[PDB]
Structure formats: structure tokens, C-alpha cells
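Laid out below as C-alpha cells are two forms of one and the same protein chain, each shown alone and named structure 1 and structure 2.
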Structure 1
């Protein structure tokens, strides 16, 4: 009775997070010496994954919020493990503004399986309603969170940021949500 969301969560963990998280702190260490310690404390150490529950496709990190500003690429990560033979990965550091002030800095990215989930909704043969897509998106999140909890070392370096985007609201600030999560990790 396992469904599409379940396979997406597992695959993303085994297929991406597994490869990306263990080298994370070292990658950050190098960055801080290199960049005068932007990635200052907890809340800067984690890899933040954006998961918009959206009727539509989310905006690029470059455009989505003026208060979200690309600062620097993290050092590259080299992968020669398992199925993956000599693959190079990268992560971006963003400055987060609040009230026109630098309010946070962190490593931020969308969850790639969104693209896929999306494509599966559009496909004519087995396409499923926006309601059905969201159903699957919600579950993928729960399932992925449930995975991460089991594995604390992977879990330490990683946070899921899932939020509803109002299609029709005057204001949603991605920056505020991120700050909200970064600060919420008081502990």
C-alpha cells in the first residue's frame, strides 16, 4: 500500500541527502575561514530544504524574495561513492534580510522531487489533480521527516522547511519563514 510519495522521500534521502550531508560540516568549516565566519552558529550549520505546498511552481531562490540574497557557493563536494562515480556537487549560501538588516545567513535549496511530483501530475496517462498532487506532497514531507529523525547525524545537518504559499495573498515572505525556522531552532 506504499505509494509514490514514499518512494520519493526514500530515494531523495538515499539518492541525495545521504551523499550531501556527511561532508557538510567540513565544507562549512572551510567556508568560514575563507569567508570570515558567515556560517556563525547553529541555524547556519544546517542544510535547509524548502518545500512549498503550492498550487503553482515555486520561484527561483534568486527571484522569490528581495530579502533572500545569494552570497556564495559553498565549497564544492566531491562524490565517488556507490553508484555515483566522480560527481561534483554544490550548495549556495544566502543572506537573509529582516527590516533591511542582515538577519541571518544559511544554506538553502528547494527539494528537487517537487519538479518530478509536478511532472507526474501533468502527464496525461496517469495525471492526478492539484488536490492529488498536494496529497502526495504533504505525505512526502511527513515521510522524509520520519526518515531523518531516525538518523541524527544526517538529521543534525538538515532541516525541512515546508509552508503553504497563498496564491492570492498580499504578502508571503519566504525570508520570514526561513528566519522563523532558523530562530525556532533555539532548540
Structure 2
């Protein structure tokens, strides 16, 4: 997970965080100032420690609704001309009402950990996977301390699903951060 965390910084957050606010301003110009709130001008990244990462947020929560993409960012990377980095804007509902708008996505390496843990060859225990997911988050959190752009450009949302019958709403969790 140490390698995965450094990879997520070096290969993604390092590249995308410095240009984010510029892309937000452009989005606001094209889309009637939709992301004008201070709570809306951050990349919110979901870290499900259980590592269940769907490709569509509607698979896990009906209240997280795709609206539009930010302008794409093109960067020449490792031989690939104009490799494209993209981010998606979601509206978060609360009892049918549009309660917040944000840029949202999952931390992609957690999807890798899931698939890897369950493979016949390279697999490892669920408990090892949870250890690794936590070690991934902690290592990324450590890395981002030397990165000043981190503080105002992203929000790390780390959580586990309950298995005891207690309520947890992902939409509610995102909204709580937006509203703060």
C-alpha cells in the first residue's frame, strides 16, 4: 500500500491539484456559477476502507447524481501525448432536494486492492486488505503534509460500512463536508 499511495500522489494528485481551481473557474463560466460555493471548490475523494468501489456512484447511493465534467486536462506522460485527466461534478440530493454540488470520485487504488485481494494467485486475506487500505490512507495523508496545494484543493473522505444495522448514508457524509 506504500507503493500504491506514492503512485497515487506522483502519478495523479501531484499532476492535477495545481490546475484544479483554474478548471473550476472555467466550469463556473460555462455552467452558470454552479460550483461557486467554497464547499464546492474542492476535489472530494472517497476512500471506502472496505474497498468496494463501483464505477457508477448510483450503484451505491441513489442521491449522488452525475451532472457534468470539468474541462479536461491534457499532459504529455511517459510517451503518451496529451494523456487526459478528467473529473466529474455531482449533485447530492437530500429528500429529493438539490442540497450540494461538488467534484467527486473514488480513490482508484482501492479498486485495485479489492480485485487483487480476491485473485487466486496474488490474493490475500480480507483482513490484510483492510490493513493495506488503512496503510494506503495513512501513507497518502503523510505525503500530502509536504504538499501545500493539498489543503484547499482536495478533501479526503475515509469510511467503513456498518455491519451491525446502524445507518450510514454516503450522500449524507459528502454533504456534511460540503456544508462545513
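Positions refer to the first chain, counted from 1. The term rigid core refers to the maximal set of C-alpha atoms that superpose within 1.5 Å between the two forms.
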property: Shift of residue 131 between structure 1 and structure 2 at or above 2 Å (CA, core fit); result: no
property: Exceeds or equals 2 Å, Cα of residue 57 between structure 1 and structure 2, core fit; result: yes
property: Rigid-core frame, C-alpha of residue 172, shift of 2 angstroms or more between structure 1 and structure 2; result: yes
property: For residue 73, CA displacement between structure 1 and structure 2 after the core is overlaid, in Å; result: 0.7
property: Shift in Å of the C-alpha at residue 143 between structure 1 and structure 2 after core superposition; result: 1.1
property: Per-residue C-alpha deviation between structure 1 and structure 2 [residue 83; rigid core superposition; Å]; result: 6.5
